[PDB]
Amino acid sequence: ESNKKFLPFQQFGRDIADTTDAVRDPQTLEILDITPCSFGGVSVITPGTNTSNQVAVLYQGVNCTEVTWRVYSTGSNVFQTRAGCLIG
Amino acid sequence: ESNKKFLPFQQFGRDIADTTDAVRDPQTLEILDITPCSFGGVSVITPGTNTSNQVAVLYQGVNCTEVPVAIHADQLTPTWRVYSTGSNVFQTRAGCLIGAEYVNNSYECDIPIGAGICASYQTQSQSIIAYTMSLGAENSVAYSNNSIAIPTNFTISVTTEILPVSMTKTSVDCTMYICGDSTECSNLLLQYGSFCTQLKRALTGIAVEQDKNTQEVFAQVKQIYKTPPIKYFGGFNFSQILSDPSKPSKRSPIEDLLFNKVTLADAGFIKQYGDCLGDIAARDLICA
Amino acid sequence: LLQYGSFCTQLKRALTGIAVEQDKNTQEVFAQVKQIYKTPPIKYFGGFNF
Amino acid sequence: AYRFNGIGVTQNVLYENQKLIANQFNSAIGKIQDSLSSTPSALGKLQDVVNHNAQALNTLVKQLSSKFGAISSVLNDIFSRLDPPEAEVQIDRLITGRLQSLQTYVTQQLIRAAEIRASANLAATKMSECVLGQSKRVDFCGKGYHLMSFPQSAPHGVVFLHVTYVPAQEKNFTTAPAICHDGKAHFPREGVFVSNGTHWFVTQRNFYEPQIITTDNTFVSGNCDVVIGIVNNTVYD
Amino acid sequence: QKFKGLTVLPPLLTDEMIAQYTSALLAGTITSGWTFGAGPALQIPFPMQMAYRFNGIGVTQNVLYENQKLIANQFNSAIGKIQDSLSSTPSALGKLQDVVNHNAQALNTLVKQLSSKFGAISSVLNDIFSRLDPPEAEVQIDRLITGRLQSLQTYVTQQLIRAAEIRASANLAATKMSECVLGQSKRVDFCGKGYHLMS
Ligand SMILES: *[C@@H]1O[C@H](CO)[C@@H](O[C@@H]2O[C@H](CO)[C@@H](O)[C@H](O)[C@H]2NC(C)=O)[C@H](O)[C@H]1NC(C)=O
Ligand SMILES: *[C@@H]1O[C@H](CO)[C@@H](O[C@@H]2O[C@H](CO)[C@@H](O)[C@H](O)[C@H]2NC(C)=O)[C@H](O)[C@H]1NC(C)=O
Ligand SMILES: *[C@@H]1O[C@H](CO)[C@@H](O)[C@H](O)[C@H]1NC(C)=O
Ligand SMILES: *[C@@H]1O[C@H](CO)[C@@H](O)[C@H](O)[C@H]1NC(C)=O
Ligand SMILES: *[C@@H]1O[C@H](CO)[C@@H](O)[C@H](O)[C@H]1NC(C)=O
Ligand SMILES: *[C@@H]1O[C@H](CO)[C@@H](O)[C@H](O)[C@H]1NC(C)=O
Ligand SMILES: *[C@@H]1O[C@H](CO)[C@@H](O)[C@H](O)[C@H]1NC(C)=O
Ligand SMILES: *[C@@H]1O[C@H](CO)[C@@H](O)[C@H](O)[C@H]1NC(C)=O
Ligand SMILES: *[C@@H]1O[C@H](CO)[C@@H](O)[C@H](O)[C@H]1NC(C)=O
Ligand SMILES: *[C@@H]1O[C@H](CO)[C@@H](O)[C@H](O)[C@H]1NC(C)=O
Ligand SMILES: *[C@@H]1O[C@H](CO)[C@@H](O)[C@H](O)[C@H]1NC(C)=O
């Protein structure tokens, strides 16, 4: 849902990079917003393979209350940092 | 008209950059020149718009009597034609300066202009004055072969020095920056080599180097000494530099003053995505 | 050329930065003191020849 | 007292002017604290450090709206309106332009990082010599004869509070390079022979303190007929 | 060069002003020793200042006070021979000559690069527009524009690197001005080869 005040002759919105931000539904003339769904970096923390094979995963800049391998689930080993959320 | 003598039936003439410079007319066998029409840089000298709206114009490498034919006058707007010859014209080695009045005095340099010439905004009726910068106050100590000078009193002074240490650590994602949501673009980009690996390595090196710089500057000692409970040092107090428990982060008052003075425009580090999407009307640069 | 953006202005900004830096270098090297002393009119210094 | 002994001033000067020195130091500290607030453009270095990154990121974001010679700056429109044979020809231009923009950003960042590293090395050297000891280099660790320094943390940098010693209130005297006594020249161990117009005294270098001439503070080393400008007077025992 | 959009700007400080700065530094040194760099300038005779400097290097005052004439003659001979050596050897100002030559050759290369084709059919935009129509004229125009932009970028990058090097050299020169001229240094081989006296 959007609250932008489109004038009657306008039907599109633009950002600094000239990418579409808001849009108006052709059938029901309401205003909507467009935002990409979430993404972020992933880092792996490990000792040398000469020592062990256990690793930890850090999700950078992600609050892990809403966090192809899904093997590293919670496991009661979820900790919150300022740089992300550590798991493992 | 061209005075370059030419071997006969020889038409063209080139320059250093290998471009046409002299031409021969086909009807009348006369040699001409194709020197470009007059041009040059334009610089605007202004104080802040918070103060006034008066400006001065500098014409680089142009003698002051050739400006009207150089800027193609008598066709521009009358506002632009005012900054033509008009009045109050001074000539420097850098070029012609129009709009400022030369002054025989000498002060410190405020706005550099050219070779020894500066400008400022003076009260004289506020106006713009151009002068010659002053090297400093004239002095002359008296030398003698049987005389010496010896001080009888001292002074304790405290100065300030500021030095940068580190910068901001950033990271970039090629696919998101270049292709965005498309996947065919990513498939095409998979054929351009290891540019992304190179950029990632460079940025990672810079990011590690910043932390190395901070450690080198601050982690000199390794024992955390504690301040004595009572503060008496023979009459000196250091309360302005020691920690204040009430103030945030156990910082000193001077440190708090510095941190309030520097406007850190990047709050960041708040793992903001839910609030990033929620408040669209903010148009936050960090979210963008 | 109008369809290329600030790629034609970044160069101007960098060149201006270098130009200002040159004057900063000269000022730091030579403007150590701001008092213009004058040499004595008589030039006898213990037999030294300046 | 050790630090005054470092720059060539005897301990008695501080041991007799302790209260004055303490008051002067306190006043200077208060004055600089007020001056930092008063002056608006003091921390231009750190402010520029912040502004450079802000401007670079803004320029990189703004560059995404260029066409680089194609028909549009949106990939989806090209994909929807053109067949692959021309879509590739239009798209390679955008890809190349964005790659060029990223390369320029990375190179500029590398150069700025080198500059910042040089500044950080200088700051580390100043922390080592100014704070952990007393420096003898001229104009290093402040303007004047160095006494000490203190570090303070700042955003993206550090601030140093140099404490120096400055002479004042000079006075003219008459000097001579040696003193003849019983046909023997006399040079001062540490000091300079000065006269007040009648009586000759030996005083220290950077603080007027007249002392009587005695064998303790002079050594003979030769004869009076060689030195130029020598003056004959009597030395006590 | 100016016909192609490249200009040279004059420096802010002129040669007369730089000479005035140098003369002020020399006069302050001669008439006051190092006192003018730490506070108000205090007068002192030159033989006494030289005695101060022998005391600094670790030689008693009597040595100068008894070999004044010989030391003065030696200094005069050395300062006289410096000019003859500089005039004779025509390779002394190599660093400054290279500083001039680098800029000259960089500008010459940038100017000469304007005659390249970059794979197009010609290096003349007017000829390209006069002989072709837009649909494939734009290809050649884009080729030429990209090549020239690449040339400008290379020039600017090299200029940035050289500016960094020059800044490092200027910082070293400022340090030498502060320590060798306004005082007497104790570092080895910093001021000169041996026990430093003046500069
Ligand atoms: C050396 O300078 C200090 C600082 O000015 C002098 O101390 C001041 O003396 C005047 C005159 O007696 C007083 O009014 C001030 O209160 C003193 N303190 C300050 C901070 O100004 C001191 O007298 C000077 N010494 C000599 C020998 O003149
Ligand atoms: C340390 O010196 C400073 C210099 O004035 C003192 O700071 C203030 O002193 C006034 C004088 O009474 C007090 O009213 C203030 O409360 C002090 N603090 C501030 C933030 O203004 C300080 O009192 C001195 N310390 C001691 C122990 O005397
Ligand atoms: C569009 O058509 C649908 C049915 O096809 C109808 O339910 C809807 O009300 C129509 N909207 C408008 C604006 O005519
Ligand atoms: C993470 O999300 C939870 C629930 O939305 C919230 O309570 C918590 O404050 C968040 N953590 C942050 C913002 O650091
Ligand atoms: C060119 O032709 C015209 C005829 O239109 C003639 O008048 C003129 O003299 C000719 N110029 C020459 C031959 O140089
Ligand atoms: C006046 O302008 C002419 C035009 O080229 C120039 O040649 C001349 O040197 C200028 N005069 C002065 C004094 O600069
Ligand atoms: C000292 O200075 C005076 C005045 O400048 C000069 O006449 C005299 O020759 C100098 N030397 C001596 C030894 O007096
Ligand atoms: C040294 O000073 C004298 C003045 O007595 C002058 O004649 C002479 O030329 C100077 N030395 C040199 C090498 O010029
Ligand atoms: C020393 O004597 C000179 C003589 O001209 C005088 O100008 C100078 O100020 C005197 N120094 C003083 C009074 O401290
Ligand atoms: C110089 O000092 C002597 C000490 O022997 C004293 O008798 C005389 O009054 C002093 N003169 C002046 C002008 O201070
Ligand atoms: C020093 O003593 C000698 C003889 O011992 C005398 O000739 C000379 O005049 C004395 N010095 C002065 C300045 O009078």
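Following Swiss-Prot, chain A residues are numbered 554-620, 632-652, in order.
Method of determination (from the header): electron microscopy, 2.9 Å.
Note that Cβ sites are derived from N, Cα and C of the backbone, with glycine treated the same way.
Here is what Swiss-Prot says about this protein:
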type: DISULFID; residues: A:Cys617-A:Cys649; note: disulfide bond
type: CARBOHYD; residues: A:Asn603; note: N-linked glycosylation site
type: CARBOHYD; residues: A:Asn616; note: N-linked glycosylation site
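Just so you know, of the glycosylation sites A:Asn603, A:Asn616, the Cβ with the fewest other Cβ atoms around it within 10 Å is the one at A:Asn603.
Sorting the disulfide-bonded residues A:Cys617, A:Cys649 by the number of other Cβ atoms within 10 Å puts A:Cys649 first. Annotated pair A:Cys617 (disulfide bond) and A:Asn603 (N-linked glycosylation site), C-alpha to C-alpha distance, rounded: 31 Å. Of the recorded residues, A:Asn603 (N-linked glycosylation site) and A:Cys649 (disulfide bond) place their C-alpha atoms 27 Å from one another. In this structure, the C-alpha atom of A:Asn616 (N-linked glycosylation site) lies 6 angstrom from that of A:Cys649 (disulfide bond). Using a Cβ-Cβ cut-off of under 8 Å to chain B, the recorded positions A:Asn603, A:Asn616, A:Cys617 reduce to A:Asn616.
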